[PDB]
>>> print(open('start.txt').read())   # compact mmCIF, C-alpha atoms and all ligand atoms
# COMPACT_ATOMS: atom_id res chain seq x y z
CA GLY L 1 -14.64 2.76 -20.19
CA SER L 2 -13.24 0.64 -23.01
CA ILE L 3 -14.95 -2.52 -24.24
CA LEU L 4 -14.30 -5.56 -22.05
CA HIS L 5 -12.55 -8.55 -23.61
CA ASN L 6 -11.49 -11.06 -20.95
CA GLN L 7 -12.15 -14.35 -22.80
CA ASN L 8 -9.79 -16.90 -24.34
CA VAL L 9 -6.37 -16.10 -22.86
CA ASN L 10 -4.54 -18.04 -25.59
CA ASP L 11 -5.60 -15.41 -28.17
CA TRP L 12 -4.37 -12.43 -26.12
CA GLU L 13 -1.90 -9.77 -27.21
CA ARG L 14 1.61 -9.91 -25.69
CA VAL L 15 3.53 -6.67 -25.32
CA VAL L 16 7.33 -6.63 -25.26
CA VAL L 17 8.74 -6.15 -21.76
CA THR L 18 11.42 -3.47 -21.93
CA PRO L 19 13.85 -3.14 -18.98
CA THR L 20 14.18 0.44 -17.79
CA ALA L 21 16.24 1.98 -15.03
CA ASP L 22 13.49 4.60 -14.77
CA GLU L 23 14.96 -0.60 -5.46
CA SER L 24 11.75 -2.17 -4.14
CA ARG L 25 11.03 -3.56 -0.68
CA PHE L 26 9.44 -6.66 -2.26
CA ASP L 27 11.67 -9.47 -3.52
CA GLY L 28 9.35 -10.44 -6.38
CA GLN L 29 5.96 -9.82 -7.87
CA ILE L 30 3.26 -11.37 -10.01
CA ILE L 31 1.68 -8.91 -12.42
CA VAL L 32 -1.79 -10.25 -13.18
CA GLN L 33 -3.24 -8.95 -16.44
CA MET L 34 -6.99 -9.36 -16.36
CA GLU L 35 -8.29 -8.27 -19.74
CA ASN L 36 -7.11 -8.40 -23.35
CA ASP L 37 -6.84 -4.66 -23.91
CA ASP L 38 -3.81 -3.01 -25.43
CA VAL L 39 -3.56 -0.26 -22.80
CA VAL L 40 -3.85 -2.87 -20.05
CA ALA L 41 -1.32 -5.22 -21.64
CA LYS L 42 1.11 -2.33 -22.03
CA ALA L 43 0.74 -1.22 -18.40
CA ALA L 44 1.38 -4.79 -17.25
CA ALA L 45 4.51 -4.98 -19.43
CA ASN L 46 5.76 -1.59 -18.14
CA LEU L 47 5.40 -2.66 -14.50
CA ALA L 48 7.50 -5.75 -15.24
CA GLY L 49 10.06 -3.64 -17.09
CA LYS L 50 10.66 -1.60 -13.95
CA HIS L 51 11.77 -4.75 -12.06
CA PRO L 52 12.72 -7.05 -14.93
CA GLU L 53 14.69 -9.49 -12.83
CA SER L 54 12.01 -10.55 -10.36
CA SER L 55 8.68 -9.90 -12.13
CA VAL L 56 6.38 -12.62 -13.51
CA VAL L 57 3.46 -11.56 -15.74
CA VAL L 58 0.35 -13.75 -15.88
CA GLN L 59 -2.62 -13.23 -18.18
CA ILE L 60 -5.84 -14.81 -16.89
CA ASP L 61 -9.25 -15.04 -18.58
CA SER L 62 -12.79 -15.23 -17.18
CA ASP L 63 -12.64 -19.03 -17.42
CA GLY L 64 -9.64 -19.03 -15.08
CA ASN L 65 -7.13 -20.14 -17.70
CA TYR L 66 -3.76 -18.42 -17.34
CA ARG L 67 -0.51 -18.03 -19.24
CA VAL L 68 2.87 -16.95 -17.95
CA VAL L 69 4.01 -14.48 -20.62
CA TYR L 70 7.10 -13.12 -18.85
CA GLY L 71 9.47 -14.24 -16.12
CA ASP L 72 10.21 -17.43 -14.21
CA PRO L 73 7.84 -18.39 -11.37
CA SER L 74 10.40 -20.89 -10.03
CA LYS L 75 12.61 -17.92 -9.19
CA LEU L 76 9.90 -16.24 -7.09
CA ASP L 77 10.99 -16.05 -3.48
CA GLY L 78 10.78 -13.80 -0.43
CA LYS L 79 8.29 -11.01 0.20
CA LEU L 80 5.95 -10.91 -2.79
CA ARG L 81 3.36 -8.45 -4.02
CA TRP L 82 0.73 -8.84 -6.72
CA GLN L 83 -0.23 -6.08 -9.12
CA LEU L 84 -3.63 -6.51 -10.79
CA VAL L 85 -3.93 -4.65 -14.08
CA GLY L 86 -7.32 -3.91 -15.66
CA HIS L 87 -9.95 -1.28 -16.45
CA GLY L 88 -12.33 -0.17 -13.72
CA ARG L 89 -15.86 0.34 -15.05
CA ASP L 90 -19.08 1.54 -13.47
CA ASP L 91 -21.83 -1.04 -13.00
CA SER L 92 -25.52 -0.70 -13.91
CA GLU L 93 -26.85 -3.04 -11.18
CA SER L 94 -25.15 -1.24 -8.27
CA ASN L 95 -23.01 1.72 -7.30
CA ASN L 96 -19.97 -0.60 -7.07
CA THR L 97 -17.24 -0.51 -9.70
CA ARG L 98 -15.97 -3.57 -11.55
CA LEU L 99 -12.33 -4.34 -12.35
CA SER L 100 -12.10 -6.07 -15.72
CA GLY L 101 -15.66 -7.31 -15.19
CA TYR L 102 -15.08 -8.43 -11.59
CA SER L 103 -16.60 -7.06 -8.43
CA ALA L 104 -14.38 -7.01 -5.36
CA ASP L 105 -16.07 -10.16 -4.08
CA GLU L 106 -15.78 -11.96 -7.42
CA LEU L 107 -12.18 -10.76 -7.79
CA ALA L 108 -11.13 -12.17 -4.40
CA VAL L 109 -12.73 -15.55 -5.15
CA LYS L 110 -11.04 -15.62 -8.56
CA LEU L 111 -7.67 -14.69 -7.03
CA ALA L 112 -7.89 -17.31 -4.27
CA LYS L 113 -8.68 -19.91 -6.93
CA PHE L 114 -5.83 -18.67 -9.10
CA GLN L 115 -3.32 -18.81 -6.26
CA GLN L 116 -3.94 -22.47 -5.44
CA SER L 117 -4.00 -23.48 -9.13
CA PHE L 118 -0.84 -21.49 -9.84
CA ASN L 119 0.97 -22.79 -6.74
CA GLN L 120 -0.21 -26.28 -7.76
CA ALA L 121 1.11 -26.26 -11.32
CA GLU L 122 4.21 -24.17 -10.70
CA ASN L 123 4.92 -25.98 -7.42
CA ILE L 124 5.77 -22.91 -5.36
CA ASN L 125 4.66 -22.11 -1.81
CA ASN L 126 4.24 -18.37 -1.33
CA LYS L 127 1.43 -15.87 -0.75
CA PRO L 128 1.37 -12.13 -1.48
CA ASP L 129 1.98 -9.65 1.34
CA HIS L 130 0.56 -6.78 -0.73
CA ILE L 131 -1.82 -6.46 -3.67
CA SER L 132 -1.81 -3.42 -5.93
CA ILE L 133 -4.79 -2.58 -8.11
CA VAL L 134 -3.59 -0.61 -11.13
CA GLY L 135 -6.53 0.89 -13.00
CA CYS L 136 -6.00 1.96 -16.59
CA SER L 137 -9.35 3.71 -16.62
CA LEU L 138 -9.66 6.95 -14.68
CA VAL L 139 -12.41 6.27 -12.16
CA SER L 140 -12.86 8.62 -9.23
CA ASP L 141 -10.63 8.52 -6.16
CA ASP L 142 -13.51 7.54 -3.85
CA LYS L 143 -14.70 4.63 -6.00
CA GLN L 144 -11.03 3.57 -6.24
CA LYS L 145 -10.57 3.34 -2.48
CA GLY L 146 -14.12 2.05 -2.08
CA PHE L 147 -13.28 -0.88 -4.34
CA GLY L 148 -9.98 -1.42 -2.50
CA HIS L 149 -11.54 -1.59 0.96
CA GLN L 150 -14.24 -3.92 -0.39
CA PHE L 151 -11.46 -6.02 -1.91
CA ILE L 152 -9.50 -6.18 1.38
CA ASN L 153 -12.51 -7.63 3.20
CA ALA L 154 -13.31 -10.00 0.34
CA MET L 155 -9.69 -11.19 0.25
CA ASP L 156 -9.82 -11.68 4.00
CA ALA L 157 -13.06 -13.65 3.73
CA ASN L 158 -11.22 -15.90 1.23
CA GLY L 159 -8.27 -16.78 3.46
CA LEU L 160 -5.73 -14.27 2.11
CA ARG L 161 -4.92 -11.30 4.29
CA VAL L 162 -3.15 -8.50 2.44
CA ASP L 163 -2.43 -4.84 2.38
CA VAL L 164 -4.05 -3.29 -0.69
CA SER L 165 -3.35 -0.13 -2.63
CA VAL L 166 -5.26 1.35 -5.56
CA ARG L 167 -3.81 3.76 -8.10
CA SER L 168 -4.04 4.96 -11.70
CA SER L 169 -1.67 3.68 -14.37
CA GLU L 170 0.70 6.46 -15.39
CA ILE V 1 9.65 1.51 28.20
CA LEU V 2 7.40 3.89 26.20
CA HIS V 3 8.35 7.58 25.95
CA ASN V 4 5.58 9.47 24.17
CA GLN V 5 5.30 12.44 26.53
CA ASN V 6 6.46 16.04 26.25
CA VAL V 7 7.51 16.39 22.62
CA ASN V 8 9.68 19.43 23.38
CA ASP V 9 12.31 17.25 25.11
CA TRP V 10 12.52 14.57 22.38
CA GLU V 11 15.74 13.69 20.62
CA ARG V 12 15.84 15.51 17.34
CA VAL V 13 16.03 14.24 13.79
CA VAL V 14 19.07 15.03 11.59
CA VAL V 15 18.46 13.98 8.00
CA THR V 16 21.19 13.03 5.61
CA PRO V 17 20.18 13.15 1.95
CA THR V 18 19.98 9.85 0.05
CA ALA V 19 19.00 8.77 -3.46
CA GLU V 20 11.07 9.30 -7.98
CA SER V 21 7.91 8.69 -5.98
CA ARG V 22 4.26 8.78 -7.05
CA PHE V 23 3.64 11.03 -4.03
CA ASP V 24 4.54 14.71 -4.30
CA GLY V 25 5.19 15.03 -0.56
CA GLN V 26 4.93 13.24 2.72
CA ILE V 27 4.58 13.69 6.45
CA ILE V 28 6.68 11.31 8.53
CA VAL V 29 4.96 11.10 11.91
CA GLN V 30 7.29 10.00 14.72
CA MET V 31 5.16 8.52 17.50
CA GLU V 32 7.62 8.09 20.38
CA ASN V 33 10.91 9.39 21.77
CA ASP V 34 13.37 6.63 20.94
CA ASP V 35 16.68 6.69 19.11
CA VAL V 36 15.82 3.82 16.79
CA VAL V 37 12.45 5.37 15.98
CA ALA V 38 14.07 8.78 15.51
CA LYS V 39 16.74 7.34 13.19
CA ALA V 40 14.08 5.43 11.23
CA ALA V 41 12.10 8.64 10.71
CA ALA V 42 15.22 10.49 9.51
CA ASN V 43 16.04 7.61 7.16
CA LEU V 44 12.55 7.85 5.68
CA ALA V 45 12.83 11.60 5.11
CA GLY V 46 16.34 11.20 3.68
CA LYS V 47 14.92 9.35 0.69
CA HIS V 48 12.92 12.44 -0.37
CA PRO V 49 14.72 15.24 1.51
CA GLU V 50 13.11 18.09 -0.48
CA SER V 51 9.44 17.02 -0.17
CA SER V 52 9.30 15.26 3.24
CA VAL V 53 8.20 16.80 6.54
CA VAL V 54 8.91 15.07 9.87
CA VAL V 55 6.57 15.67 12.78
CA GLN V 56 6.86 14.44 16.36
CA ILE V 57 3.65 14.07 18.40
CA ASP V 58 3.18 13.11 22.05
CA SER V 59 0.41 11.37 23.97
CA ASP V 60 -1.46 14.69 24.42
CA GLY V 61 -1.67 15.39 20.68
CA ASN V 62 0.86 18.19 20.90
CA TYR V 63 3.38 18.16 18.10
CA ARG V 64 6.32 19.89 16.46
CA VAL V 65 7.94 20.02 13.04
CA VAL V 66 11.55 18.79 13.21
CA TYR V 67 12.35 18.58 9.49
CA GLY V 68 11.20 20.30 6.32
CA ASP V 69 8.66 22.93 5.33
CA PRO V 70 4.94 22.11 5.80
CA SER V 71 3.78 25.05 3.66
CA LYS V 72 5.50 23.48 0.61
CA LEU V 73 3.36 20.34 0.96
CA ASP V 74 0.77 19.77 -1.77
CA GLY V 75 -0.16 17.25 -4.42
CA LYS V 76 -0.71 13.59 -3.65
CA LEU V 77 0.51 13.24 -0.06
CA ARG V 78 1.67 10.21 1.93
CA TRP V 79 1.87 9.79 5.69
CA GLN V 80 4.37 7.41 7.27
CA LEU V 81 3.76 6.62 10.95
CA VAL V 82 6.92 5.48 12.71
CA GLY V 83 7.05 3.75 16.07
CA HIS V 84 7.56 0.50 17.97
CA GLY V 85 4.83 -2.14 17.74
CA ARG V 86 4.12 -3.81 21.09
CA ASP V 87 1.88 -6.65 22.20
CA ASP V 88 -0.88 -5.88 24.71
CA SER V 89 -1.08 -9.53 25.90
CA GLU V 90 -4.32 -9.59 23.86
CA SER V 91 -3.60 -11.37 20.61
CA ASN V 92 -4.66 -8.95 17.87
CA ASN V 93 -4.40 -6.00 20.16
CA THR V 94 -0.99 -4.91 19.00
CA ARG V 95 -0.21 -1.30 19.86
CA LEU V 96 1.97 1.11 17.88
CA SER V 97 3.77 3.42 20.32
CA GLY V 98 1.04 2.75 22.85
CA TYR V 99 -1.87 3.27 20.43
CA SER V 100 -4.28 0.62 19.28
CA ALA V 101 -5.50 0.88 15.70
CA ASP V 102 -8.66 2.71 16.76
CA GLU V 103 -6.73 5.12 18.98
CA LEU V 104 -4.14 5.68 16.24
CA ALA V 105 -6.91 6.60 13.80
CA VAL V 106 -8.58 8.97 16.27
CA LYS V 107 -5.18 10.43 17.12
CA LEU V 108 -4.19 11.01 13.49
CA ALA V 109 -7.58 12.47 12.54
CA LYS V 110 -7.20 14.78 15.52
CA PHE V 111 -3.63 15.61 14.46
CA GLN V 112 -4.69 16.51 10.92
CA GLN V 113 -7.23 19.07 12.13
CA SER V 114 -4.83 20.35 14.82
CA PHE V 115 -2.02 20.53 12.24
CA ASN V 116 -4.25 22.46 9.84
CA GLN V 117 -5.18 25.05 12.48
CA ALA V 118 -1.54 26.17 12.27
CA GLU V 119 -0.41 25.24 8.73
CA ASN V 120 -3.72 25.19 6.78
CA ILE V 121 -2.81 22.48 4.27
CA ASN V 122 -5.95 20.30 4.75
CA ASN V 123 -4.64 17.92 2.07
CA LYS V 124 -6.18 14.53 2.81
CA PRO V 125 -3.45 11.87 2.54
CA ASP V 126 -3.89 9.28 -0.18
CA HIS V 127 -1.76 6.73 1.62
CA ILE V 128 -0.63 5.83 5.13
CA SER V 129 2.34 3.55 5.74
CA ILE V 130 2.78 2.24 9.27
CA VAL V 131 6.49 1.59 9.78
CA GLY V 132 7.23 -0.69 12.73
CA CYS V 133 10.65 -0.54 14.37
CA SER V 134 10.02 -3.77 16.27
CA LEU V 135 9.40 -7.15 14.68
CA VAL V 136 5.64 -7.78 14.78
CA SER V 137 4.07 -10.86 13.26
CA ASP V 138 2.69 -10.85 9.74
CA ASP V 139 -0.89 -11.54 10.86
CA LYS V 140 -0.79 -8.94 13.66
CA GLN V 141 0.57 -6.36 11.18
CA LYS V 142 -2.28 -7.00 8.73
CA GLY V 143 -4.94 -7.07 11.45
CA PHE V 144 -3.64 -3.79 12.84
CA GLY V 145 -3.72 -2.10 9.46
CA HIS V 146 -7.15 -3.60 8.75
CA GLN V 147 -8.72 -2.08 11.87
CA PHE V 148 -6.97 1.22 11.12
CA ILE V 149 -8.45 1.30 7.61
CA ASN V 150 -11.93 0.73 9.02
CA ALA V 151 -11.71 3.46 11.66
CA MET V 152 -10.25 5.90 9.13
CA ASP V 153 -12.80 5.03 6.45
CA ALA V 154 -15.69 5.32 8.93
CA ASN V 155 -14.41 8.79 9.88
CA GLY V 156 -14.53 9.98 6.25
CA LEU V 157 -10.76 9.58 5.77
CA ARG V 158 -10.45 6.91 3.05
CA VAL V 159 -6.83 5.93 2.39
CA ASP V 160 -4.72 3.01 1.33
CA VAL V 161 -2.82 1.53 4.26
CA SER V 162 0.25 -0.67 4.35
CA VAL V 163 2.12 -2.11 7.33
CA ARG V 164 5.78 -3.16 7.34
CA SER V 165 8.96 -3.40 9.37
CA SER V 166 11.69 -0.82 9.02
CA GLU V 167 15.24 -2.03 8.36
CA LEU V 168 16.23 -2.19 12.04
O1 LIG U 201 10.18 1.89 -1.34
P1 LIG U 201 9.36 2.82 -0.46
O2 LIG U 201 10.15 4.07 -0.13
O3 LIG U 201 8.98 2.06 0.79
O4 LIG U 201 7.99 3.26 -1.25
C1 LIG U 201 7.34 2.21 -1.95
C2 LIG U 201 7.27 2.61 -3.43
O5 LIG U 201 6.83 3.94 -3.48
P2 LIG U 201 7.69 5.07 -4.27
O6 LIG U 201 8.93 4.44 -4.89
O7 LIG U 201 6.79 5.66 -5.33
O8 LIG U 201 8.10 6.14 -3.28
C3 LIG U 201 6.29 1.76 -4.23
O9 LIG U 201 6.12 2.39 -5.50
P3 LIG U 201 6.03 1.33 -6.79
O10 LIG U 201 6.31 -0.06 -6.22
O11 LIG U 201 4.65 1.39 -7.40
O12 LIG U 201 7.07 1.65 -7.84
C4 LIG U 201 4.91 1.62 -3.58
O13 LIG U 201 4.22 0.55 -4.22
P4 LIG U 201 2.62 0.74 -4.71
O14 LIG U 201 2.59 1.63 -5.93
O15 LIG U 201 2.07 -0.65 -5.05
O16 LIG U 201 1.75 1.41 -3.65
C5 LIG U 201 4.94 1.29 -2.09
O17 LIG U 201 3.69 1.61 -1.52
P5 LIG U 201 2.85 0.43 -0.75
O18 LIG U 201 3.65 -0.85 -0.75
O19 LIG U 201 2.56 0.83 0.68
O20 LIG U 201 1.51 0.30 -1.42
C6 LIG U 201 5.99 2.04 -1.27
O21 LIG U 201 6.21 1.26 -0.12
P6 LIG U 201 5.55 1.77 1.32
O22 LIG U 201 4.72 3.01 1.09
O23 LIG U 201 4.71 0.67 1.93
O24 LIG U 201 6.69 2.08 2.27
NA NA U 202 9.53 6.06 -1.45
>>> encode(input="start.txt", output="structure tokens", more="lines below")
Ligand SMILES: O=P(O)(O)O[C@H]1[C@H](OP(=O)(O)O)[C@@H](OP(=O)(O)O)[C@H](OP(=O)(O)O)[C@@H](OP(=O)(O)O)[C@H]1OP(=O)(O)O
Ligand code: NA
Amino acid sequence: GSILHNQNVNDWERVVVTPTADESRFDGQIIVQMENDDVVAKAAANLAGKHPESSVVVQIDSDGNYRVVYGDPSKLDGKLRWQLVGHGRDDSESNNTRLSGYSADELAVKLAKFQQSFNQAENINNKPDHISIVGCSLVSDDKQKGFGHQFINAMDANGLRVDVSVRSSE
Amino acid sequence: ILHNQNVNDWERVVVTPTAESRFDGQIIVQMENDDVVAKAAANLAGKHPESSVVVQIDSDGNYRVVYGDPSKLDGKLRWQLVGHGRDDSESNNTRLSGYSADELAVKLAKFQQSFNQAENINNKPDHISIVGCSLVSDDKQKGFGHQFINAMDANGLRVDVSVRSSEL
């Protein structure tokens, strides 16, 4: 996969969010961009463009610092999903895959920490019903679902119980 | 009451078109004989009326096709399981149309092989949506889908699973 840059959120590229016509059962979503890669930043922007009125895009670095780069978190309400956007890469110390440098266990811990910090600062009280993992690298179908089922358990271990889907960015 | 016996006598599904998807086709699996469930299944197929197949299946694993052409299925496939979620009086033993999560997984794995003996599609589904026509709690929904994932994944059938309510 591509080289991993997930440091120093303030420096990150921002892609223009373009609304496109081309009706979801969620009322809002947080699109969580997890590395500073142009393909990844574009896929995050495109997801928000598909639902421009109720999408918030957050970039978050390995230190846990985040920036809202699109949308209004105050407006978030109802049934929410999260879409995580990153590159899945093979690991050399296991047969597990890593999403933007995170293992499923590390990702769940990071996301639980992010949720309380983000609900803290933004002063909103809501939790995702569903989490989508949107991989911009083409890793195999098995390792995709393997990561997802690992992630479900790890999310559960961390106090957030969610449906999870894994797919490839179009 | 639960009516999941004798699929030949079930109310049938009439699908009105309605207005893509990342799935190239789907099987809507109707799990009980009930007007609300039957209407929900028809509603689902109405959203993709040219690539959706509706199947009804009883408590014996016998089934029938009531909408669409199975032989035209291929590509990335979704299954949507439609029924009424009911409480067993054991907290996270919620049952969908009489089936616990384990029994649902066994049933669906048995249906796929049985279905392929006649249609010969053998296309593993990428995704399974459980569509509950009764209001079931958020935690029970997730717990149900979680057990279902585990049974499916243990049996070699690794899929994404989501659990929701239908409109009614
Ligand atoms: O609105 P629905 O008919 O219920 O189908 C949606 C929709 O799928 P399609 O529009 O492609 O048919 C979503 O697609 P997008 O939100 O990506 O545009 C998909 O969301 P995901 O891609 O995150 O999977 C989601 O699937 P799910 O929420 O189960 O993961 C699925 O809703 P259901 O399959 O649950 O009914
Ligand atoms: Na759909």
>>> atom_distance(input="start.txt", atom1="atom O23 of ligand LIG 201 (chain U)", atom2="CA of residue 117 in chain L")
28.0 Å
>>> atom_distance(input="start.txt", atom1="atom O7 of ligand LIG 201 (chain U)", atom2="CA of residue 148 in chain V")
21.9 Å
>>> residues_near_ligand(input="start.txt", ligand="ligand LIG 201 (chain U)", cutoff="8 Å", atoms="all atoms listed in the file", output="PyMOL selection string")
(chain L and resi 23-25+50+81+83+130-133+163-167) or (chain V and resi 20-23+44+47+78+80+127-131+160-164)
>>> residues_around(input="start.txt", residues="range 40-48 of chain L", least_positions_apart="4", cutoff="6 Å", atoms="only C-alpha atoms", output="JSON, numbers by chain")
{"L": [15, 17, 52, 55, 86]}
>>> closest_residue(input="start.txt", among="L:110, L:14, L:79, L:67", to="chain V", atoms="all atoms listed in the file")
L:79
>>> residues_around(input="start.txt", residues="residue 99 in chain L", least_positions_apart="4", cutoff="10 Å", atoms="all atoms listed in the file", output="PDB file with C-alpha atoms, in the coordinates of the input")
ATOM      1  CA  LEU L   4     -14.300  -5.560 -22.050  1.00  0.00           C
ATOM      2  CA  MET L  34      -6.990  -9.360 -16.360  1.00  0.00           C
ATOM      3  CA  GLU L  35      -8.290  -8.270 -19.740  1.00  0.00           C
ATOM      4  CA  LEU L  84      -3.630  -6.510 -10.790  1.00  0.00           C
ATOM      5  CA  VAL L  85      -3.930  -4.650 -14.080  1.00  0.00           C
ATOM      6  CA  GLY L  86      -7.320  -3.910 -15.660  1.00  0.00           C
ATOM      7  CA  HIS L  87      -9.950  -1.280 -16.450  1.00  0.00           C
ATOM      8  CA  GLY L  88     -12.330  -0.170 -13.720  1.00  0.00           C
ATOM      9  CA  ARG L  89     -15.860   0.340 -15.050  1.00  0.00           C
ATOM     10  CA  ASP L  90     -19.080   1.540 -13.470  1.00  0.00           C
ATOM     11  CA  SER L 103     -16.600  -7.060  -8.430  1.00  0.00           C
ATOM     12  CA  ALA L 104     -14.380  -7.010  -5.360  1.00  0.00           C
ATOM     13  CA  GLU L 106     -15.780 -11.960  -7.420  1.00  0.00           C
ATOM     14  CA  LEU L 107     -12.180 -10.760  -7.790  1.00  0.00           C
ATOM     15  CA  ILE L 133      -4.790  -2.580  -8.110  1.00  0.00           C
ATOM     16  CA  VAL L 134      -3.590  -0.610 -11.130  1.00  0.00           C
ATOM     17  CA  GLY L 135      -6.530   0.890 -13.000  1.00  0.00           C
ATOM     18  CA  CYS L 136      -6.000   1.960 -16.590  1.00  0.00           C
ATOM     19  CA  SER L 137      -9.350   3.710 -16.620  1.00  0.00           C
ATOM     20  CA  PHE L 147     -13.280  -0.880  -4.340  1.00  0.00           C
TER      21      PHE L 147
END
>>> closest_residue(input="start.txt", among="V:71, V:100, V:52, V:155", to="ligand NA 202 (chain U)", atoms="all atoms listed in the file")
V:52
>>> atom_distance(input="start.txt", atom1="CA of residue 18 in chain L", atom2="CA of residue 72 in chain L")
16.0 Å
>>> closest_residue(input="start.txt", among="V:39, V:73, V:34, V:19", to="chain L", atoms="only C-alpha atoms")
V:19
>>> closest_residue(input="start.txt", among="L:76, L:63, L:22, L:105", to="chain V", atoms="all atoms listed in the file")
L:22
>>> closest_residue(input="start.txt", among="L:152, L:157, L:57, L:21", to="chain V", atoms="only C-alpha atoms")
L:152
>>> closest_residue(input="start.txt", among="L:26, L:116, L:54, L:158", to="chain V", atoms="only C-alpha atoms")
L:26
>>> residues_around(input="start.txt", residues="residue 8 in chain L", least_positions_apart="5", cutoff="8 Å", atoms="only C-alpha atoms", output="ChimeraX atom specification")
/L:61-63,65
>>> write_last_selection(input="start.txt", atoms="C-alpha atoms", output="PDB file, in the coordinates of the input")
ATOM      1  CA  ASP L  61      -9.250 -15.040 -18.580  1.00  0.00           C
ATOM      2  CA  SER L  62     -12.790 -15.230 -17.180  1.00  0.00           C
ATOM      3  CA  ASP L  63     -12.640 -19.030 -17.420  1.00  0.00           C
ATOM      4  CA  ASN L  65      -7.130 -20.140 -17.700  1.00  0.00           C
TER       5      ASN L  65
END
>>> residues_around(input="start.txt", residues="residue 35 in chain V", least_positions_apart="3", cutoff="10 Å", atoms="all atoms listed in the file", output="JSON, numbers by chain")
{"V": [10, 11, 12, 13, 32, 38, 39, 40, 41]}
>>> residues_around(input="start.txt", residues="residue 73 in chain L", least_positions_apart="5", cutoff="9 Å", atoms="only C-alpha atoms", output="VMD selection string")
chain L and resid 30 54 to 56 68 122 124
>>> build_atoms(input="start.txt", residues="range 95-106 of chain V", atoms="N, CA, C and O atoms", output="PDB file, keeping the file's coordinate frame")
ATOM      1  N   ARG V  95      -0.175  -2.741  19.675  1.00  0.00           N
ATOM      2  CA  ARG V  95      -0.210  -1.300  19.860  1.00  0.00           C
ATOM      3  C   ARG V  95       1.025  -0.698  19.213  1.00  0.00           C
ATOM      4  O   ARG V  95       2.129  -1.232  19.369  1.00  0.00           O
ATOM      5  N   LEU V  96       0.842   0.387  18.464  1.00  0.00           N
ATOM      6  CA  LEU V  96       1.970   1.110  17.880  1.00  0.00           C
ATOM      7  C   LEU V  96       2.233   2.322  18.768  1.00  0.00           C
ATOM      8  O   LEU V  96       1.394   3.218  18.864  1.00  0.00           O
ATOM      9  N   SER V  97       3.384   2.327  19.431  1.00  0.00           N
ATOM     10  CA  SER V  97       3.770   3.420  20.320  1.00  0.00           C
ATOM     11  C   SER V  97       2.675   3.697  21.353  1.00  0.00           C
ATOM     12  O   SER V  97       2.330   4.845  21.651  1.00  0.00           O
ATOM     13  N   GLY V  98       2.113   2.629  21.894  1.00  0.00           N
ATOM     14  CA  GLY V  98       1.040   2.750  22.850  1.00  0.00           C
ATOM     15  C   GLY V  98      -0.367   2.832  22.278  1.00  0.00           C
ATOM     16  O   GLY V  98      -1.334   2.659  23.031  1.00  0.00           O
ATOM     17  N   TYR V  99      -0.532   3.074  20.983  1.00  0.00           N
ATOM     18  CA  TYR V  99      -1.870   3.270  20.430  1.00  0.00           C
ATOM     19  C   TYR V  99      -2.364   1.987  19.777  1.00  0.00           C
ATOM     20  O   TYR V  99      -1.628   1.336  19.031  1.00  0.00           O
ATOM     21  N   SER V 100      -3.603   1.616  20.083  1.00  0.00           N
ATOM     22  CA  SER V 100      -4.280   0.620  19.280  1.00  0.00           C
ATOM     23  C   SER V 100      -4.655   1.233  17.936  1.00  0.00           C
ATOM     24  O   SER V 100      -4.523   2.444  17.716  1.00  0.00           O
ATOM     25  N   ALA V 101      -5.156   0.389  17.031  1.00  0.00           N
ATOM     26  CA  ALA V 101      -5.500   0.880  15.700  1.00  0.00           C
ATOM     27  C   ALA V 101      -6.567   1.960  15.781  1.00  0.00           C
ATOM     28  O   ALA V 101      -6.456   3.010  15.128  1.00  0.00           O
ATOM     29  N   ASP V 102      -7.603   1.723  16.589  1.00  0.00           N
ATOM     30  CA  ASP V 102      -8.660   2.710  16.760  1.00  0.00           C
ATOM     31  C   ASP V 102      -8.101   4.016  17.300  1.00  0.00           C
ATOM     32  O   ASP V 102      -8.416   5.103  16.797  1.00  0.00           O
ATOM     33  N   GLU V 103      -7.286   3.923  18.355  1.00  0.00           N
ATOM     34  CA  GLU V 103      -6.730   5.120  18.980  1.00  0.00           C
ATOM     35  C   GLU V 103      -5.761   5.831  18.033  1.00  0.00           C
ATOM     36  O   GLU V 103      -5.723   7.066  17.983  1.00  0.00           O
ATOM     37  N   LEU V 104      -4.988   5.067  17.258  1.00  0.00           N
ATOM     38  CA  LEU V 104      -4.140   5.680  16.240  1.00  0.00           C
ATOM     39  C   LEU V 104      -4.981   6.489  15.259  1.00  0.00           C
ATOM     40  O   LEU V 104      -4.680   7.654  14.974  1.00  0.00           O
ATOM     41  N   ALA V 105      -6.080   5.902  14.776  1.00  0.00           N
ATOM     42  CA  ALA V 105      -6.910   6.600  13.800  1.00  0.00           C
ATOM     43  C   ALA V 105      -7.511   7.869  14.387  1.00  0.00           C
ATOM     44  O   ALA V 105      -7.457   8.941  13.767  1.00  0.00           O
ATOM     45  N   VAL V 106      -8.064   7.778  15.600  1.00  0.00           N
ATOM     46  CA  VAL V 106      -8.580   8.970  16.270  1.00  0.00           C
ATOM     47  C   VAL V 106      -7.461   9.987  16.445  1.00  0.00           C
ATOM     48  O   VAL V 106      -7.638  11.186  16.183  1.00  0.00           O
TER      49      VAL V 106
END
